[PDB]
């Protein structure tokens, strides 16, 4: 797996941007996050059927991409997905259903993209030792699934900012709720790409409020994971830095890909990237924690491959060229 990646979400559905068959996806994407595995009534058995092709056709298309060095990952959740693991029985249905899908289609890994049903209960105060069943069981399930496959099994996640960087402000309910998940699976985590969009403002480690879709915001939010940060206003409760090679930034491919804002122009984003990766500043207000950069910063994720194709391939062309050209 390359050192500077483009990870793109792939719509297993037509939302007006159309379907792109797998072999027609631009080769500039290194990893394709197939979107999404969702659930029915029991909210724990994950299901997936391809939007085009026989099952065998879809599996063959995945095999073709893998033969070209690409990774194809099953994303679980999304805007509409609901996964609830209140007890061990539910956890086991989740594990078995996902393993079955990985086996059936030959997915290279899984992406945790759960955007509901995740809360730190009252008294759940320690990110190293979570107590809320949903969180404890997700961690257990993720570790179990990862340990069911070989060394190249890919694990990613795409939490919204409140769940991660929001932990700088509060630790409870959704605030910081992915922190125990991240920590609990860190030794199996390939990378995390927080969604830096549909996100309003975010507080940086300088205590300043930043607006989504600005270079300063991208640097401030990424730096939290690159450097680590105190949780919930408690100086003695530090969330440790991830490896730089585990940190990505998730961005909208086009303005319309994130209807509540967050899109950033490649010109502005390259300022943020040069600062993050090389410590080369751009006159921004945010001061990077390590002023000579985090060279192993892993790259960019986008919602989505489909949106990118409808927007002159702006995201894929701009950022592939940027990363290739370093």
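Positions refer to the first chain, counted from 1.
With 142-150 and 200-208 compared on mean CA B-factor from the PDB entry, the stretch scoring higher is 200-208. In this entry, the higher average B-factor at the C-alpha atoms falls on 57-65, of the pair 57-65 and 269-277. The residue among 262, 41, 293, 299 whose C-alpha atom has the highest B-factor in the PDB entry is 41. You'll see in the entry that, of 169, 234, 75, 132, the Cα B factor peaks at 234. Sort the modelled residues of the chain by CA B factor and residue 85 lands in the highest third. Annotation for residue 111: CA B-factor lies in the lowest third of the chain's modelled residues. Sorting the modelled residues of the chain by their CA temperature factor places residue 163 in the lowest third. Residue-level temperature factors show residue 175 in the lowest third of its chain, judged at the C-alpha atom. The PDB entry assigns residue 128 a C-alpha temperature factor belonging to the middle third of its chain's modelled residues.
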